[PDB]
Amino acid sequence: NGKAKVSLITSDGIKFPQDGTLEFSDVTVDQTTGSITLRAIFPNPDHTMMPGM
Amino acid sequence: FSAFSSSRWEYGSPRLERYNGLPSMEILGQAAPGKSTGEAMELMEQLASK
């Protein structure tokens with residue numbers, strides 16, 4: 001069950017109500033940072049996500 | 001600031017002491033009437049000792 005998980009603690013000190021599964025693992029290495037930024041897909045019933053943050 | 005900043009109240013000592021370069025806390029008292037200081041001082045030493 002590759003179905004992974006990730007939990008948030010948002011900048012308010014309050015972890016988002018529930019986790020969401022890490023979508024996948026990029027194979028890319030940010031030149032400057034070697035940043036292999038992954039992708040997390042999280043539910044936002046309440047719009048308490050507000051992407052862009 | 002409310003964007004990047006996150007805060008709380010807390011306790012800190014709004015004064016501080018170091019004595020001969022060691023953090024110190026002063027105490028102040030006196031000998032009981034009919035008692036000389038060194039007797040008091042001796043007791044601090046004992047109570048300080050422990």
# chains A, B, ... in the order shown; residues from 1 in each chain; ligands from 1
>>> interface_residues(of="chain A", to="chain B", cutoff="12 Å", atoms="only C-alpha atoms", output="list in words")
residues 10, 11, 12, 13, 14 and 53 of chain A
>>> select_by_dssp(residues="region 7-51 of chain A", states="strand (DSSP E or B)", output="JSON, numbers by chain")
{"A": [20, 22, 23, 24, 39, 40]}
>>> atom_distance(atom1="CA of residue 20 (chain A)", atom2="CA of residue 3 (chain A)")
9.9 Å
>>> residues_around(residues="residue 17 (chain A)", least_positions_apart="3", cutoff="12 Å", atoms="only C-alpha atoms", output="PyMOL selection string")
chain A and resi 6-10+13-14+20+42-49
>>> residues_around(residues="residue 22 (chain A)", least_positions_apart="4", cutoff="8 Å", atoms="only C-alpha atoms", output="PyMOL selection string")
chain A and resi 4-6+38-41
>>> residues_around(residues="residue 15 (chain B)", least_positions_apart="6", cutoff="12 Å", atoms="only C-alpha atoms", output="ChimeraX atom specification")
/B:23-26
>>> atom_distance(atom1="CA of residue 17 (chain B)", atom2="CA of residue 48 (chain B)")
18.1 Å
>>> residues_around(residues="residue 29 (chain B)", least_positions_apart="2", cutoff="10 Å", atoms="only C-alpha atoms", output="ChimeraX atom specification")
/B:27,31-32,37,40-41
